[PDB]
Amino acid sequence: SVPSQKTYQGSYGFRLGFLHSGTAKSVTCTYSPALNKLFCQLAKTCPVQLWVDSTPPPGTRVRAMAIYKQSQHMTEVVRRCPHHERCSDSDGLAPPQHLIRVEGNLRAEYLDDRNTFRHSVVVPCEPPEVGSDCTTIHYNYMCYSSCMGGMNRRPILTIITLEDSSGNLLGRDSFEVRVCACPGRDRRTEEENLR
């Protein structure tokens, strides 16, 4: 099967937000609204904002999962390549196979789905800190888009779902991701190609 990627704000008006990091040669993570695409370096911090119109119930969680964007590959589990799954860079919590990690949250849980074998990482949905209007989750992508035997130059999407304590859908948003050496340059190139 294939997880849904349908945008769904739901009852709480759930949607993502991204910083405006620009396209300098030195940028490590940058988001293109025109492409709905995040460009980031390997294992670098990717700040993703969570916005809601009203506060979800205690026990609400936020899950991230990657799928291949092309229909020819959607059924294939997105995982780390044969090299990176063995490079012993575990944070002590993420399984070495998982492409997406959450940085600096000890309540992050990593799921290997017993049925679909797909990987995801889930955290409790926290209210914004005082003086803030949203909450930010920091993600890491632990393989290059180009890694042989892994993503192998195939584009992926990250699907973010807002879930109740049972795992039922409350909200959904998504964005394409390219993990690459020079995010600023590749964003500029792809945005030019678009126009």
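In this text, residue numbers run from 1 along the sequence as written.
- Looking at mean Cα B-factors across 17-25 and 168-176, the upper value is held by 17-25.
- Averaged over Cα atoms, the B-factor as recorded in the entry is higher for 65-73 than for the other of 65-73 and 29-37.
- Of the candidates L42, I160, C134, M148, the one whose C-alpha carries the top B factor in the deposited record is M148.
- The top Cα temperature factor in the record, among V48, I156, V52, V130, falls on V130.
- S120: CA B factor in the lowest third of modelled residues in this chain (values from the PDB entry).
- Sort the chain's modelled residues by C-alpha temperature factor and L93 lands in the highest third, per the entry.
- Remark: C81 belongs to the middle third of its chain, ranked by C-alpha B-factor as recorded.
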